[PDB]
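Participant: Input file: run-v9.txt. Contents: compact mmCIF, C-alpha atoms and all ligand atoms.
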# COMPACT_ATOMS: atom_id res chain seq x y z
CA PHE A 47 -84.63 27.95 39.15
CA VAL A 48 -87.64 29.83 37.77
CA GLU A 49 -85.23 32.72 37.27
CA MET A 50 -83.44 30.67 34.58
CA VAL A 51 -86.48 29.52 32.72
CA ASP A 52 -86.51 30.98 29.21
CA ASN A 53 -83.00 32.45 29.56
CA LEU A 54 -82.00 31.25 26.10
CA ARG A 55 -82.68 32.76 22.67
CA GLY A 56 -81.32 32.20 19.18
CA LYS A 57 -81.91 32.01 15.46
CA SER A 58 -82.59 28.61 13.92
CA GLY A 59 -79.37 26.93 12.77
CA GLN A 60 -77.21 29.56 14.51
CA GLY A 61 -77.14 28.24 18.06
CA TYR A 62 -78.63 29.15 21.42
CA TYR A 63 -77.25 31.91 23.59
CA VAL A 64 -77.54 33.13 27.14
CA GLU A 65 -76.82 36.63 28.42
CA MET A 66 -73.75 37.09 30.57
CA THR A 67 -71.69 39.98 31.80
CA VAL A 68 -67.91 40.22 32.02
CA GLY A 69 -65.77 42.78 33.82
CA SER A 70 -66.14 45.60 36.32
CA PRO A 71 -68.29 47.51 35.67
CA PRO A 72 -70.25 44.61 34.03
CA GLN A 73 -70.15 44.49 30.22
CA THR A 74 -73.09 42.68 28.72
CA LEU A 75 -72.74 40.05 25.97
CA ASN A 76 -74.70 37.24 24.36
CA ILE A 77 -72.83 33.89 24.62
CA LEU A 78 -73.63 30.72 22.66
CA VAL A 79 -74.08 27.67 24.89
CA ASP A 80 -71.81 24.90 23.65
CA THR A 81 -71.72 21.53 25.33
CA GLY A 82 -69.29 20.49 22.52
CA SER A 83 -66.23 22.51 23.50
CA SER A 84 -64.57 23.77 26.67
CA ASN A 85 -63.36 27.34 26.18
CA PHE A 86 -65.13 30.55 27.22
CA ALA A 87 -64.36 33.10 24.55
CA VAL A 88 -65.64 36.50 23.51
CA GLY A 89 -65.15 38.94 20.68
CA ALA A 90 -62.71 41.52 22.01
CA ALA A 91 -61.95 43.49 18.90
CA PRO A 92 -64.06 45.00 16.08
CA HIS A 93 -65.61 42.58 13.58
CA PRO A 94 -68.18 43.13 10.83
CA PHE A 95 -70.63 40.66 12.45
CA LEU A 96 -70.24 41.85 16.05
CA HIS A 97 -72.61 44.50 17.40
CA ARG A 98 -70.39 44.74 20.47
CA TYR A 99 -67.30 43.19 22.02
CA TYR A 100 -65.40 42.79 25.24
CA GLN A 101 -63.28 45.85 26.12
CA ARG A 102 -60.51 44.78 28.49
CA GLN A 103 -59.37 48.40 28.86
CA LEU A 104 -62.63 49.31 30.56
CA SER A 105 -62.56 46.62 33.25
CA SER A 106 -60.75 47.19 36.55
CA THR A 107 -60.91 43.49 37.27
CA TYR A 108 -59.36 42.28 34.02
CA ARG A 109 -56.04 40.38 34.36
CA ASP A 110 -53.81 39.48 31.43
CA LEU A 111 -52.48 35.95 31.46
CA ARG A 112 -49.72 36.77 28.93
CA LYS A 113 -50.61 33.72 26.88
CA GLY A 114 -52.29 33.35 23.46
CA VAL A 115 -54.87 30.75 22.44
CA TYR A 116 -56.70 29.49 19.39
CA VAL A 117 -59.55 27.02 18.94
CA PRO A 118 -60.33 25.25 15.68
CA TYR A 119 -63.99 24.21 15.54
CA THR A 120 -65.60 21.97 12.99
CA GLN A 121 -67.10 25.19 11.62
CA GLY A 122 -64.75 28.19 11.95
CA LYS A 123 -61.82 29.11 14.19
CA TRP A 124 -60.59 31.99 16.28
CA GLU A 125 -57.45 33.08 18.04
CA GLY A 126 -56.84 35.49 20.83
CA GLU A 127 -55.36 36.32 24.17
CA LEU A 128 -56.00 34.56 27.51
CA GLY A 129 -57.05 36.46 30.62
CA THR A 130 -59.34 36.28 33.64
CA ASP A 131 -62.13 38.54 34.82
CA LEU A 132 -65.39 38.51 36.76
CA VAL A 133 -68.36 36.86 35.11
CA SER A 134 -72.08 36.82 35.89
CA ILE A 135 -75.18 35.31 34.35
CA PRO A 136 -78.02 37.79 34.99
CA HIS A 137 -80.76 35.18 34.39
CA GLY A 138 -78.68 32.60 36.22
CA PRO A 139 -77.53 31.77 39.69
CA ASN A 140 -76.93 34.86 41.81
CA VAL A 141 -73.12 34.65 41.77
CA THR A 142 -69.96 36.21 40.35
CA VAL A 143 -67.02 34.05 39.38
CA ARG A 144 -63.46 34.76 38.28
CA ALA A 145 -63.08 32.76 35.13
CA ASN A 146 -60.72 32.26 32.26
CA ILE A 147 -61.69 34.25 29.22
CA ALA A 148 -60.23 34.12 25.76
CA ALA A 149 -60.39 37.55 24.10
CA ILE A 150 -60.90 36.94 20.44
CA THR A 151 -58.77 39.23 18.30
CA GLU A 152 -58.97 37.36 14.96
CA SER A 153 -61.43 34.87 13.58
CA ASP A 154 -62.41 33.03 10.43
CA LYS A 155 -65.96 31.86 9.62
CA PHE A 156 -66.78 31.75 13.40
CA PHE A 157 -69.14 34.67 14.06
CA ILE A 158 -72.35 34.46 12.10
CA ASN A 159 -73.90 37.46 10.39
CA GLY A 160 -76.95 38.58 12.38
CA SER A 161 -76.82 35.80 14.99
CA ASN A 162 -76.94 38.22 17.93
CA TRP A 163 -74.23 36.43 19.94
CA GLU A 164 -70.70 37.74 20.54
CA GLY A 165 -69.02 34.76 22.25
CA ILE A 166 -69.18 31.06 23.18
CA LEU A 167 -69.44 29.16 26.47
CA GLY A 168 -67.77 25.79 26.14
CA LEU A 169 -69.42 23.64 28.83
CA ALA A 170 -67.55 20.38 28.19
CA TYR A 171 -64.54 19.25 30.23
CA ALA A 172 -60.94 20.43 30.62
CA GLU A 173 -59.50 17.57 28.59
CA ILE A 174 -60.44 19.37 25.34
CA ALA A 175 -59.75 22.90 26.46
CA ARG A 176 -57.21 24.91 24.42
CA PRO A 177 -54.25 25.47 24.69
CA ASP A 178 -54.42 22.45 26.96
CA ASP A 179 -56.34 21.01 29.91
CA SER A 180 -54.73 23.35 32.44
CA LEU A 181 -57.08 26.11 31.33
CA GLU A 182 -59.96 25.58 33.71
CA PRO A 183 -63.31 25.75 31.89
CA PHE A 184 -66.02 28.14 33.12
CA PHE A 185 -68.37 25.60 34.70
CA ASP A 186 -65.47 24.08 36.69
CA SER A 187 -64.59 27.55 38.00
CA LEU A 188 -68.25 28.21 38.81
CA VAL A 189 -68.63 25.07 40.86
CA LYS A 190 -65.28 25.42 42.64
CA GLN A 191 -65.90 29.03 43.63
CA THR A 192 -69.59 28.85 44.59
CA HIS A 193 -72.09 26.46 46.09
CA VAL A 194 -73.79 25.84 42.74
CA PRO A 195 -74.29 22.05 42.36
CA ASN A 196 -72.24 20.31 39.65
CA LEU A 197 -74.90 19.93 36.96
CA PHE A 198 -76.89 21.94 34.42
CA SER A 199 -79.82 21.10 32.18
CA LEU A 200 -80.75 22.33 28.74
CA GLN A 201 -84.21 22.75 27.32
CA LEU A 202 -83.80 23.74 23.68
CA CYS A 203 -87.06 24.59 21.93
CA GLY A 204 -87.76 24.83 18.20
CA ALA A 205 -89.85 27.54 16.55
CA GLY A 206 -92.51 28.64 19.08
CA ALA A 216 -87.98 32.56 12.86
CA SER A 217 -86.69 32.82 16.46
CA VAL A 218 -86.04 30.03 19.02
CA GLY A 219 -85.76 29.89 22.80
CA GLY A 220 -85.14 27.64 25.72
CA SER A 221 -83.73 27.30 29.17
CA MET A 222 -80.35 26.63 30.70
CA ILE A 223 -80.81 25.62 34.35
CA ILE A 224 -77.49 26.03 36.13
CA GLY A 225 -77.16 23.89 39.23
CA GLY A 226 -80.15 21.61 38.88
CA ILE A 227 -83.30 20.24 37.35
CA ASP A 228 -86.54 22.21 36.94
CA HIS A 229 -89.36 19.74 36.96
CA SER A 230 -91.80 22.13 35.29
CA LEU A 231 -89.71 21.87 32.09
CA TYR A 232 -90.45 18.21 31.30
CA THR A 233 -92.99 15.43 31.56
CA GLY A 234 -92.74 11.75 32.26
CA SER A 235 -89.54 10.19 33.51
CA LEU A 236 -85.87 11.09 33.05
CA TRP A 237 -83.73 8.37 31.45
CA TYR A 238 -79.99 8.44 32.00
CA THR A 239 -77.06 7.31 29.90
CA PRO A 240 -73.48 7.18 31.29
CA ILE A 241 -70.94 9.87 30.35
CA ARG A 242 -68.41 7.40 28.90
CA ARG A 243 -65.47 9.70 29.49
CA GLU A 244 -65.13 13.27 30.68
CA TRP A 245 -63.89 15.18 27.66
CA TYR A 246 -66.79 15.72 25.29
CA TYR A 247 -70.15 14.72 26.77
CA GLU A 248 -69.52 11.29 25.32
CA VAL A 249 -72.18 8.58 25.23
CA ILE A 250 -72.78 5.22 23.61
CA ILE A 251 -75.55 4.49 21.07
CA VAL A 252 -76.44 0.81 21.13
CA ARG A 253 -79.16 0.53 18.50
CA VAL A 254 -80.80 2.56 15.75
CA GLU A 255 -84.25 2.11 14.24
CA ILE A 256 -85.99 4.03 11.49
CA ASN A 257 -89.78 3.70 11.51
CA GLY A 258 -89.31 0.73 13.87
CA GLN A 259 -86.86 -1.00 11.53
CA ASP A 260 -83.44 -1.80 12.99
CA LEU A 261 -80.56 -0.51 10.77
CA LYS A 262 -78.89 -3.81 11.70
CA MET A 263 -75.30 -2.49 11.86
CA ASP A 264 -72.53 -3.42 14.26
CA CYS A 265 -73.31 -0.97 17.05
CA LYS A 266 -69.65 0.08 17.02
CA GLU A 267 -70.35 1.90 13.76
CA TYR A 268 -72.81 4.18 15.62
CA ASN A 269 -70.00 5.34 17.79
CA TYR A 270 -67.19 5.11 15.26
CA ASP A 271 -64.68 7.33 16.82
CA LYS A 272 -67.19 8.48 19.42
CA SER A 273 -70.69 9.83 20.09
CA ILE A 274 -71.29 13.16 21.74
CA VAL A 275 -74.14 15.39 22.92
CA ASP A 276 -73.44 18.80 21.44
CA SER A 277 -75.68 21.92 21.72
CA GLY A 278 -73.11 23.86 19.65
CA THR A 279 -73.70 21.81 16.46
CA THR A 280 -76.99 22.14 14.57
CA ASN A 281 -77.35 18.82 12.86
CA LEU A 282 -77.52 15.25 13.78
CA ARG A 283 -74.13 14.20 12.35
CA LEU A 284 -73.46 10.53 11.64
CA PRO A 285 -70.35 8.56 10.71
CA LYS A 286 -70.13 7.84 6.96
CA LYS A 287 -71.41 4.24 6.96
CA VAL A 288 -74.27 5.04 9.35
CA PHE A 289 -75.20 8.21 7.50
CA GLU A 290 -75.40 6.31 4.23
CA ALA A 291 -77.56 3.57 5.76
CA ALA A 292 -79.83 6.17 7.31
CA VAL A 293 -80.33 8.30 4.19
CA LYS A 294 -81.08 5.16 2.19
CA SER A 295 -83.80 4.27 4.64
CA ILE A 296 -85.17 7.82 4.75
CA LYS A 297 -85.21 8.09 0.90
CA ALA A 298 -87.08 4.84 0.61
CA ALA A 299 -89.63 5.94 3.21
CA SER A 300 -90.24 9.21 1.38
CA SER A 301 -89.87 7.86 -2.20
CA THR A 302 -93.40 8.99 -3.22
CA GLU A 303 -91.73 12.34 -3.64
CA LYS A 304 -88.39 13.12 -5.19
CA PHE A 305 -85.75 15.50 -4.09
CA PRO A 306 -82.53 16.67 -5.70
CA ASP A 307 -79.85 14.54 -3.95
CA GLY A 308 -78.30 17.91 -3.14
CA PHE A 309 -81.17 18.14 -0.71
CA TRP A 310 -79.92 14.93 0.91
CA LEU A 311 -76.47 16.56 1.15
CA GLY A 312 -77.72 19.60 3.01
CA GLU A 313 -77.08 21.95 0.06
CA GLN A 314 -80.61 22.72 -1.22
CA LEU A 315 -83.88 23.57 0.45
CA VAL A 316 -87.08 21.69 -0.30
CA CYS A 317 -90.32 23.65 -0.24
CA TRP A 318 -94.04 22.90 -0.04
CA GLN A 319 -97.09 25.17 -0.07
CA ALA A 320 -97.60 26.49 3.43
CA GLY A 321 -99.24 23.94 5.72
CA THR A 322 -98.91 21.09 3.19
CA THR A 323 -95.51 19.62 4.26
CA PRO A 324 -96.01 15.87 3.99
CA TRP A 325 -94.65 14.94 7.44
CA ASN A 326 -96.17 11.45 7.28
CA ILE A 327 -93.75 10.17 4.59
CA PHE A 328 -90.65 10.95 6.65
CA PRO A 329 -89.74 8.27 9.25
CA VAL A 330 -89.17 8.54 12.96
CA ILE A 331 -85.64 7.80 14.15
CA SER A 332 -85.01 6.02 17.40
CA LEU A 333 -81.63 6.18 19.05
CA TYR A 334 -81.09 3.68 21.85
CA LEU A 335 -78.60 4.77 24.52
CA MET A 336 -76.77 2.68 27.11
CA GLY A 337 -78.71 2.72 30.36
CA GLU A 338 -77.69 2.74 34.01
CA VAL A 339 -78.14 -0.98 34.81
CA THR A 340 -76.83 -4.18 33.30
CA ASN A 341 -78.05 -5.05 29.83
CA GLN A 342 -80.50 -2.08 29.95
CA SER A 343 -81.01 0.75 27.49
CA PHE A 344 -83.70 3.39 26.65
CA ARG A 345 -84.66 5.12 23.41
CA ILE A 346 -85.21 8.67 22.29
CA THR A 347 -87.44 9.01 19.27
CA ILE A 348 -86.90 11.89 16.89
CA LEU A 349 -89.60 13.28 14.57
CA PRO A 350 -89.02 14.66 11.05
CA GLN A 351 -89.96 18.07 12.44
CA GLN A 352 -86.62 17.94 14.21
CA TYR A 353 -84.46 16.82 11.36
CA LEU A 354 -86.11 18.98 8.69
CA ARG A 355 -84.95 22.33 9.91
CA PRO A 356 -87.28 25.16 8.83
CA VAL A 357 -85.70 28.01 6.84
CA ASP A 365 -94.39 28.28 1.17
CA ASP A 366 -92.66 26.13 3.80
CA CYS A 367 -89.02 25.43 3.12
CA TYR A 368 -86.58 23.14 4.97
CA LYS A 369 -83.02 21.85 5.10
CA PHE A 370 -82.11 18.22 5.80
CA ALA A 371 -80.46 18.42 9.21
CA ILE A 372 -78.85 14.99 9.17
CA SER A 373 -75.33 15.03 7.71
CA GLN A 374 -72.09 13.20 7.49
CA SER A 375 -69.18 13.23 9.92
CA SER A 376 -65.69 11.78 10.25
CA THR A 377 -65.27 12.53 13.94
CA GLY A 378 -68.10 10.40 15.27
CA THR A 379 -71.82 10.89 15.93
CA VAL A 380 -72.78 14.39 16.96
CA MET A 381 -76.19 14.61 18.63
CA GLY A 382 -76.76 18.27 17.90
CA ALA A 383 -79.37 20.89 18.66
CA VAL A 384 -82.01 19.39 16.44
CA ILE A 385 -81.73 16.13 18.43
CA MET A 386 -81.77 17.99 21.77
CA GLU A 387 -84.80 20.13 20.71
CA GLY A 388 -87.98 19.01 22.42
CA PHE A 389 -85.99 16.99 24.96
CA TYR A 390 -85.03 18.15 28.39
CA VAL A 391 -81.36 17.22 28.71
CA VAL A 392 -79.65 16.99 32.05
CA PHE A 393 -75.84 17.17 32.10
CA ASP A 394 -75.32 15.51 35.45
CA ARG A 395 -71.56 15.95 35.82
CA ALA A 396 -71.75 15.00 39.53
CA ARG A 397 -73.05 11.51 38.71
CA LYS A 398 -71.37 11.18 35.29
CA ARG A 399 -74.60 10.78 33.35
CA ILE A 400 -76.82 12.48 30.80
CA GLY A 401 -80.59 12.53 31.38
CA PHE A 402 -83.25 12.77 28.68
CA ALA A 403 -86.99 13.48 29.04
CA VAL A 404 -89.79 14.84 26.88
CA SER A 405 -89.66 18.61 27.07
CA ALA A 406 -92.54 20.95 27.96
CA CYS A 407 -91.81 22.45 24.50
CA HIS A 408 -91.81 19.16 22.70
CA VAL A 409 -92.37 18.85 18.99
CA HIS A 410 -95.95 18.03 17.89
CA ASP A 411 -97.16 15.81 15.02
CA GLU A 412 -100.87 15.10 14.83
CA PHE A 413 -100.31 11.32 14.78
CA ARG A 414 -96.78 10.87 16.30
CA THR A 415 -94.81 12.00 19.37
CA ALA A 416 -91.25 12.47 20.33
CA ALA A 417 -90.61 10.05 23.18
CA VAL A 418 -88.08 8.87 25.77
CA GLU A 419 -88.96 5.27 26.50
CA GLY A 420 -87.53 2.44 28.60
CA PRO A 421 -86.42 0.07 29.90
CA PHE A 422 -85.13 -1.97 26.95
CA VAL A 423 -82.89 -4.98 27.19
CA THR A 424 -79.75 -4.90 25.05
CA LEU A 425 -76.98 -7.47 25.31
CA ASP A 426 -73.28 -6.69 25.03
CA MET A 427 -73.58 -2.90 25.12
CA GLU A 428 -69.87 -2.60 26.03
CA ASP A 429 -69.05 -3.86 22.54
CA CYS A 430 -70.72 -0.77 21.10
CA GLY A 431 -68.01 1.47 22.41
CA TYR A 432 -65.03 2.21 20.22
CA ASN A 433 -61.36 2.16 21.17
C1 LIG B 1 -74.33 26.95 14.90
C2 LIG B 1 -73.58 27.13 13.59
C3 LIG B 1 -73.37 26.00 12.90
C4 LIG B 1 -74.01 25.63 11.75
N1 LIG B 1 -73.56 24.38 11.32
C5 LIG B 1 -72.55 23.94 12.24
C6 LIG B 1 -71.73 22.79 12.28
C7 LIG B 1 -70.84 22.62 13.34
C8 LIG B 1 -70.75 23.58 14.37
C9 LIG B 1 -69.74 23.44 15.28
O1 LIG B 1 -68.63 23.07 14.84
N2 LIG B 1 -69.88 23.92 16.51
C10 LIG B 1 -68.84 24.04 17.48
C11 LIG B 1 -69.09 25.41 18.21
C12 LIG B 1 -69.52 26.51 17.28
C13 LIG B 1 -70.78 27.12 17.42
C14 LIG B 1 -71.22 28.13 16.57
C15 LIG B 1 -70.44 28.58 15.53
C16 LIG B 1 -69.16 27.99 15.36
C17 LIG B 1 -68.73 26.97 16.26
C18 LIG B 1 -68.75 22.83 18.47
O2 LIG B 1 -67.87 23.17 19.50
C19 LIG B 1 -68.26 21.50 17.93
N3 LIG B 1 -68.51 20.58 19.01
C20 LIG B 1 -67.96 19.28 18.68
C21 LIG B 1 -66.46 19.37 18.68
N4 LIG B 1 -65.99 20.56 17.93
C22 LIG B 1 -64.51 20.59 17.59
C23 LIG B 1 -63.74 20.85 18.84
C24 LIG B 1 -63.76 22.11 19.43
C25 LIG B 1 -63.06 22.35 20.59
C26 LIG B 1 -62.41 21.36 21.25
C27 LIG B 1 -62.43 20.09 20.70
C28 LIG B 1 -63.08 19.85 19.51
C29 LIG B 1 -66.80 21.60 17.52
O3 LIG B 1 -66.35 22.54 16.89
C30 LIG B 1 -71.50 24.75 14.28
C31 LIG B 1 -72.44 24.93 13.26
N5 LIG B 1 -71.96 21.80 11.37
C32 LIG B 1 -70.87 21.03 10.71
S1 LIG B 1 -73.53 21.26 10.95
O4 LIG B 1 -74.40 21.43 12.10
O5 LIG B 1 -73.55 20.00 10.42
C33 LIG B 1 -74.15 22.40 9.74
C34 LIG B 1 -75.64 22.24 9.48
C35 LIG B 1 -73.54 22.15 8.38
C36 LIG B 1 -74.00 23.83 10.08
Can the structure in the file be given as structure tokens, please?

Facilitator:
Amino acid sequence: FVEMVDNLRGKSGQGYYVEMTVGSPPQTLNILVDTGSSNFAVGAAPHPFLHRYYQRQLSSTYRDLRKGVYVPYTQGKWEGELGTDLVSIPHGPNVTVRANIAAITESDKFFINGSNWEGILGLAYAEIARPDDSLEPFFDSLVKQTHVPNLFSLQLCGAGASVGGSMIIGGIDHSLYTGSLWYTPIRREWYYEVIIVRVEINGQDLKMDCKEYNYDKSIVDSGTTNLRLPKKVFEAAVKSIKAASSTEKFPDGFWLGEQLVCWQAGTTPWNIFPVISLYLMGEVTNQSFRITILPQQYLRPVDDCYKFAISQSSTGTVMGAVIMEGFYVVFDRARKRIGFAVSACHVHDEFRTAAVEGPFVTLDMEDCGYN
């Protein structure tokens, strides 16, 4: 697994990517790692924001599937042509797989100027694959065709400009975290869906029906930047965060994610922004654990200037990259569970720590799920 340590790079707010090759001879591309979708897709035609793209002409192993495809994301969309080809991950397990690939021929607000990735690796399950669930996702192909175990782990690290991390394919690398792993069930195999059973801000319970926390659903999504919260929860949370930080004032466009807020270098008043604890359903009866998030996670750095990285959703909670940052996150597909621990690259505050703590007792956790 040491071969996979530090195999991710990215720019802040523009995702994390891993190097892969496609085709014979191998064509090299940077691919964003997305646990929030299920298609493997690459630029396959010129685009202003692509430094390179997949050239199907030049691969002896390419096979056309004679079928088109499109995927609408929350941010941007693309369309293209389905095919298969041979795929490797150079800083990955030592294997070559024949996988479905969507060649992107048109797109809208998908590729990001200067991001340095040319494609996307949807690691979630077939149920949300386009055009439908008969298009086997990449990780399913990988597992079926090799002896790679059915799990991967993600260590997303913040700054320390440019970001990095590790994607361990096939297991858990114990040098990437400290303390104990805490596991929450995958509620259903489509998104990496989970259930949040309690929320506290600076130790104060939001005191909402826990169904609200999962209104629609809650997912763990490395392809989304922000922590995204259903309307009612978002409003409760911002209220509590404003009140905690009310010795300063911010344009409420800051609270909407539109405007930066800046302080003289090294003077950011971290102490006035609360910690946020999300309690997740545990593995045994009436048992949960919490992950605690620092303001250094949800004030994304862009003097020292930041964007508010908590925003509103209408498709459920999205535990995005800024939540995953500093945690070591195990996507244990084999045992239908998501593990969290404190990362080796965890986020540092001089008087506060990000934590994964348990056990907690929580009654009636099944009521927190939404139908
Ligand atoms: C990193 C750029 C980025 C910046 N922001 C957002 C952003 C979101 C998403 C987002 O969308 N990510 C997609 C994949 C993707 C990744 C890179 C570029 C395009 C797309 C993911 O897959 C998502 N996972 C849940 C289900 N769905 C819908 C779906 C797809 C396929 C099958 C079923 C369902 C997603 O699209 C990306 C960004 N923000 C809104 S936000 O964080 O708050 C923001 C601060 C306003 C800005």

Participant: Write out as a list in words each polymer residue whose atoms come within 6 Å of region 387-394 of chain A, counting all atoms listed in the file; drop sequence neighbours fewer than 5 positions from it.

Facilitator: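 The filter keeps residues 197, 198, 199, 200, 201, 202, 203, 399, 400, 401, 402, 403, 404, 405, 407, 408 and 409 of chain A.
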
Participant: Which residues come within 6 Å of region 72-88 of chain A, counting all atoms listed in the file, excluding same-chain residues fewer than 4 positions away, as a PyMOL selection string?

Facilitator: chain A and resi 62-68+147-150+163-171+175+183+276-278

Participant: Using all atoms listed in the file, pick whichever of A:324, A:56, A:219, A:122 has the shortest atom-to-atom distance to ligand LIG 1 (chain B).

Facilitator: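 With all atoms listed in the file as the atom set, the closest residue is A:122.
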
Participant: Starting from the point (-61.7, 46.1, 27.6), work out which residues of protein, DNA or RNA have an atom no more than 10 Å away when counting only C-alpha atoms; state them as a list in words.

Facilitator: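 These residues have at least one counted atom within 10 Å: residues 68, 69, 70, 73, 90, 91, 99, 100, 101, 102, 103, 104, 105, 106, 108 and 149 of chain A.
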
Participant: Find the residues around region 326-332 of chain A up to 8 Å (all atoms listed in the file counted), leave out those fewer than 3 positions away in its own chain, and share them as a list in words.

Facilitator: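 What passes the distance filter is residues 254, 255, 256, 257, 258, 296, 299, 300, 302, 345, 346, 347, 348, 349 and 350 of chain A.
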
Participant: Using Å and a single decimal, report how far atom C25 of ligand LIG 1 (chain B) sits from CA of residue 189 (chain A).

Facilitator: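 Separation between CA of residue 189 (chain A) and atom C25 of ligand LIG 1 (chain B): 21.2 Å.
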
Participant: Which of these residues is nearest to residue 325 (chain A), using only C-alpha atoms: A:176, A:243, A:414, A:97?

Facilitator: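 Of A:176, A:243, A:414, A:97, the one nearest residue 325 (chain A), counting only C-alpha atoms, is A:414.
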
Participant: Restricting the calculation to all atoms listed in the file, which member of A:119, A:422, A:124, A:246 is positioned closest to ligand LIG 1 (chain B)?

Facilitator: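 With all atoms listed in the file as the atom set, the closest residue is A:119.
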
Participant: Of the candidates A:223, A:284, A:430, A:339, which one gets nearest to ligand LIG 1 (chain B) if we count all atoms listed in the file?

Facilitator: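 Among the listed residues, A:284 lies closest to ligand LIG 1 (chain B).
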
Participant: Identify, on the basis of all atoms listed in the file, every residue whose closest approach to residue 120 (chain A) does not exceed 10 Å; exclude the query and any residue fewer than 4 positions from it along the same chain; express the result as a list in words.

Facilitator: residues 156, 279, 375 and 377 of chain A

Participant: Which of these residues is nearest to residue 227 (chain A), using all atoms listed in the file: A:249, A:263, A:51, A:282?

Facilitator: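 The shortest atom-to-atom distance to residue 227 (chain A) comes from A:51.
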
Participant: Restricting the calculation to all atoms listed in the file: of A:321, A:54, A:244, A:152, which residue gets closest to residue 179 (chain A)?

Facilitator: A:244

Participant: Go ahead and fit an axis-aligned box to every listed atom of ligand LIG 1 (chain B) plus 4 Å each side, and pass me the centre and edge lengths in Å, one decimal, as lines of an AutoDock Vina configuration file.

Facilitator:
center_x = -69.0
center_y = 23.9
center_z = 14.8
size_x = 21.2
size_y = 17.3
size_z = 20.9

Participant: Can you pull out the residues contacting region 351-370 of chain A? Cut-off 7 Å, using all atoms listed in the file, and skip same-chain residues under 6 positions away; I want them as a PDB file with C-alpha atoms, keeping the file's coordinate frame.

Facilitator:
ATOM      1  CA  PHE A 309     -81.170  18.140  -0.710  1.00  0.00           C
ATOM      2  CA  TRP A 310     -79.920  14.930   0.910  1.00  0.00           C
ATOM      3  CA  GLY A 312     -77.720  19.600   3.010  1.00  0.00           C
ATOM      4  CA  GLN A 314     -80.610  22.720  -1.220  1.00  0.00           C
ATOM      5  CA  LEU A 315     -83.880  23.570   0.450  1.00  0.00           C
ATOM      6  CA  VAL A 316     -87.080  21.690  -0.300  1.00  0.00           C
ATOM      7  CA  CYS A 317     -90.320  23.650  -0.240  1.00  0.00           C
ATOM      8  CA  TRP A 318     -94.040  22.900  -0.040  1.00  0.00           C
ATOM      9  CA  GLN A 319     -97.090  25.170  -0.070  1.00  0.00           C
ATOM     10  CA  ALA A 320     -97.600  26.490   3.430  1.00  0.00           C
ATOM     11  CA  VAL A 384     -82.010  19.390  16.440  1.00  0.00           C
ATOM     12  CA  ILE A 385     -81.730  16.130  18.430  1.00  0.00           C
TER      13      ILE A 385
END

Participant: To one decimal place in Å, what is the distance between CA of residue 286 (chain A) and CA of residue 240 (chain A)?

Facilitator: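 Between these atoms lies a distance of 24.6 Å.
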
Participant: What is the atom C33 of ligand LIG 1 (chain B) to CA of residue 304 (chain A) distance in Å?

Facilitator: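 One can read the atom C33 of ligand LIG 1 (chain B) to CA of residue 304 (chain A) distance as 22.6 Å.
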